[PDB]
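Here is the structure we will look at, set down as structure tokens.
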Amino acid sequence: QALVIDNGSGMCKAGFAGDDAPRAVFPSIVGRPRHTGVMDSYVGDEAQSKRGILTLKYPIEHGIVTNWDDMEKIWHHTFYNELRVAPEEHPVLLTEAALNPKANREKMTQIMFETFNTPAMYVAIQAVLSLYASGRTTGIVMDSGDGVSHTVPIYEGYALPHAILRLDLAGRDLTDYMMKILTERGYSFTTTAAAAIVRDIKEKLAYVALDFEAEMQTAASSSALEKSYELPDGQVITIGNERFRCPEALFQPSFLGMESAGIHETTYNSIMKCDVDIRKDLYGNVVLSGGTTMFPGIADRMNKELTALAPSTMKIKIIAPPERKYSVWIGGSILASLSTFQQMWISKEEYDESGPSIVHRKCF
Amino acid sequence: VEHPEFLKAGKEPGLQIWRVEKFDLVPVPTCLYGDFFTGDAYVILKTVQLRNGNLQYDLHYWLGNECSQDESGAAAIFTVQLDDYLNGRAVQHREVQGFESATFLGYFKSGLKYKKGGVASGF
Ligand SMILES: Nc1ncnc2c1ncn2[C@@H]1O[C@H](COP(=O)(O)OP(=O)(O)O)[C@@H](O)[C@H]1O
Ligand SMILES: [Ca+2]
Ligand SMILES: [Ca+2]
Ligand SMILES: [Mg+2]
């Protein structure tokens with residue numbers, strides 16, 4: 001029974017190979033007692049609940065591990081609190097970013113074998129996992145999550161590292177931006193549940209405009225785009241153009257005072273860094289992945305932006321599976337379930353002789 | 001991979017066809033070749049004998065309109081793995097029901113046929 005762990009910038013997704021969905025999804029947050037031994041750690045929602053008396057760390061805010069004691073706490077919580085397994089009994093598949101530093105892959109491997117005593121483990125690139133989950137071996141993955149977005153071109157099963165672009169905003173930025181534009185509209189979010197309220201407004205009411213200026217006009221001229229939202233305390237507020245302006249920052253990072261290219265352009269640019277002969281296949285298999293690609297309208301608008309950018313006879317297909325919040329996780333579950341996968345794992349035995357660098361020869 | 005079927009694959013000129021059944025690669029009876037369950041995904045290897053003595057490989061993964069996510073995902077993956085196994089020598093093709101390349105359709109002398117149903121998801 002293999003386990004599948006997707007270490008997300010914001011959210012950790014964890015589960016059992018063979019299941020169609022993660023059994024556990026929790027925030028990648030570690031909480032430590034501000035003032036020690038006057039009255040230890042907490043992970044996930046419990047750390048959030050108790051944040052008033054905790055110092056909270058985010059050990060992977062941009063997809064890469066910045067703190068190994070806190071990452072270890074996250075894994076301990078994943079194993080013991082969330083999945084309730086003994087880790088020494090399960091092969092474990094873990095995901096990483098495409099450009100995960102070489103020392104990080106080795107550290108992750110070391111921790112699994114030495115700290116959690118896993119009998120087997122494997123590290124997989126997230127974008128390749130989403131591609132697989134979509135039933136493809138070639139395509140470009142546009143993954144936008146919580147603290148990190150990337151475009152990863154993949155040809156016949158393997159990412160093209162030289163063509164990977166790290167797009168500069170994600171979910172957090174969009175939540176921050178939804179808060180600011182709601183404040184400006186007249187509203188005030190002052191409780192400790194402010195982030196959460198605005199995140200939820202983002203998740204339930206935001207959409208991506210097919211033609212943004214025409215939407216701005218429709219909205220300035222009528223009331224047919226507006227939506228009511230009921231706050232925790234029963235107060236009802238109205239969400240107008242904020243619904244589409246917020247995710248628009250994905251296409252116009254300038255809204256956030258950012259010089260960076262938007263998601264359609266980052267996508268283009270990646271395709272352009274690839275052998276000319278494979279680009280047609282990239283354009284015809286643009287796969288959307290991650291929470292921040294969940295906005296309604298996002299596929300149409302990507303189709304539109306990339307049509308505009310590519311020669312007019314280019315066949316553009318955008319693939320936005322409804323389950324794309326978990327595409328990475330689901331790719332991992334399918335991979336780790338395959339009859340041919342027992343040969344792929346780094347075993348304990350292999351670890352004990354090669355040590356942690358075995359990862360660069362086993363996992364790519 | 002020590003999968004018995006990888007050991008059988010690309011050994012001589014020919015067509016081989018496997019069905020994804022529950023995260024496994026299961027060979028299709030040669031008498032049923034060309035009859036595709038639209039609720040299934042399959043891996044097809046076409047080995048052609050070249051003038052040099054070496055064999056050419058084209059690997060097609062065929063996706064039924066109703067195959068489950070685990071089956072289409074496994075077909076794509078098995079394809080990558082079989083290609084790695086054949087020293088990267090296979091050209092990989094994604095074949096979708098109703099949109100198969102002429103090359104793929106060409107493999108089937110009495111024309112390929114669709115039939116409803118298949119093996120259940122492995123999830
Ligand atoms: N329906 C939705 N619409 C817009 N954003 C969403 C939706 N559901 C989740 N999100 C956002 O997705 C981000 C997390 O997605 P995820 O892919 O789990 O990130 P990561 O893997 O980087 O941790 C969060 O910012 C969350 O607010
Ligand atoms: Ca089936
Ligand atoms: Ca190949
Ligand atoms: Mg992610």
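Below, chains carry the letters A, B, ... as their sequence lines are ordered, and counting in each starts from 1. One-based numbering, in listed order, for ligands and for the atoms of each.
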A:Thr292 to ligand 1, any heavy atom closer than 4.0 Å: yes

Students should be able to answer this: which protein heavy-atom is nearest to atom 19 (O) of ligand 1, and at what distance? A:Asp146 N, 3.1 Å

Distance flag, aromatic centroids of A:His77 and A:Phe26, threshold under 6.0 Å: yes

Atom 17 (O) of ligand 1 [closest protein heavy-atom partner, distance rounded to 0.1 Å]: A:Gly291 N, 2.8 Å

Do ligand 1 and A:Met11 have nitrogen or oxygen atoms that lie under 3.5 Å from each other? yes

May I ask you to check whether A:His264 and A:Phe251 place their ring centers less than 6.0 Å from one another? yes

Over all atoms of both residues, closest heavy-atom pair of A:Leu288 and A:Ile298: CD1-CG2, 3.6 Å

Any idea which atoms of ligand 1 are less than 4.0 Å away from a heavy-atom of A:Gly290? 17 (O)

Is A:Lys204 touching ligand 1 with its side chain, its backbone, both, or neither, if touching means heavy atoms under 4.0 Å apart? neither

Distance in Å, A:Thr151 OG1 paired with A:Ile164 CD1, rounded so as to fall on 0.5 Å steps: 8.0 Å

Please work out which of the three classes, parallel, tilted or perpendicular, describes the rings of B:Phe23 and B:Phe123, given edges at 30° and 60°. perpendicular

Any N or O on A:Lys325 sitting closer than 3.5 Å to an N or O of ligand 1? no

Any nitrogen or oxygen of A:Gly10, side chain or backbone, less than 3.5 Å from one on ligand 1? yes

Of all the non-hydrogen atoms in the protein, which one sits nearest to atom 9 (C) of ligand 1, and at what distance? A:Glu203 OE2, 3.6 Å

Indicate yes or no: does an N/O atom of A:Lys202 lie under 3.5 Å from an N/O atom of ligand 1? yes

Heavy-atom contacts with A:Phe295 under 4.0 Å: which atoms of ligand 1 show up? List them by number with element. 4 (C)

Do A:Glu156 and A:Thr138 have side-chain atoms, one donor and one acceptor, less than 3.5 Å apart? no

Closer than 4.0 Å to some heavy atom of A:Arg199 - which atoms of ligand 1 meet that? 27 (O)

Pairwise distance CG(A:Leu56) to CG(A:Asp70) - rounded to 0.5 angstrom: 10.5 Å

Any idea how A:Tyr122 and A:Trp345 line up, ring-wise: parallel (<30°), tilted (30 to 60°), or perpendicular (>60°)? perpendicular

Ligand-residue contact atoms, ligand 1 with A:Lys13, heavy atoms, under 4.0 Å: 16 (P), 18 (O), 20 (P), 21 (O), 23 (O)

Measure up the A:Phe212 and A:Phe244 rings against each other and bin them: parallel (under 30°), tilted (30 to 60°), perpendicular (over 60°). perpendicular

I'd like to know whether the aromatic ring centres of B:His60 and B:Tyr107 sit less than 6.0 Å apart in this structure. yes

A:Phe116 and A:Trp75 aromatic ring geometry - parallel, tilted or perpendicular at 30°/60° bounds: perpendicular

What do the steps show when you test A:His360 against A:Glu106 for side-chain hydrogen bond (donor to acceptor under 3.5 Å, both in side chains), and what is the final call? CA-CA 8 Å; A:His360 321 283; A:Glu106 298 191 33; 2.7 Å; yes

Centroid-centroid distance, B:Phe108 to B:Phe36, less than 6.0 Å: yes

Ligand 1 and A:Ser144, any nitrogen or oxygen pair closer than 3.5 angstrom? no

Out of all atoms in ligand 1, which are within 4.0 Å of some heavy atom of A:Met294? Include the element for each. 1 (N), 2 (C), 3 (N), 7 (C)

Under 3.0 Å from the Ca ion (ligand 2), which protein N, O or S atoms are there? Could you list them by chain and number? B:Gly39 O, B:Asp40 OD1, B:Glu71 OE1, B:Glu71 OE2, B:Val119 O

Contact check: A:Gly171 vs ligand 1, nitrogen or oxygen atoms, below 3.5 angstrom: no

protein heavy-atom neighbour closest to atom 22 (O) of ligand 1 works out as A:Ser9 OG, 2.4 Å

For A:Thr175, is at least one N or O under 3.5 Å away from an N or O on ligand 1? no

Exercise answer: donor-acceptor pairs, residues 8-23 of chain A side-chain atoms, under 3.5 Å, sequence neighbours excluded:
| from | atom 1 | to | atom 2 | distance (Å) |
| --- | --- | --- | --- | --- |
| A:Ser9 | OG | A:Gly147 | N | 3.1 |
| A:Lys13 | NZ | A:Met11 | O | 2.7 |
| A:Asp19 | OD2 | A:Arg23 | NE | 3.2 |
| A:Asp19 | OD2 | A:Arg23 | NH2 | 3.1 |

Would you check whether A:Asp6 has a nitrogen or oxygen atom less than 3.5 angstrom from a nitrogen or oxygen atom of ligand 1? no

Taking the six-membered ring for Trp and the full ring for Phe, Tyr or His, determine whether the centres of B:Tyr42 and B:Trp18 are under 6.0 Å apart. no

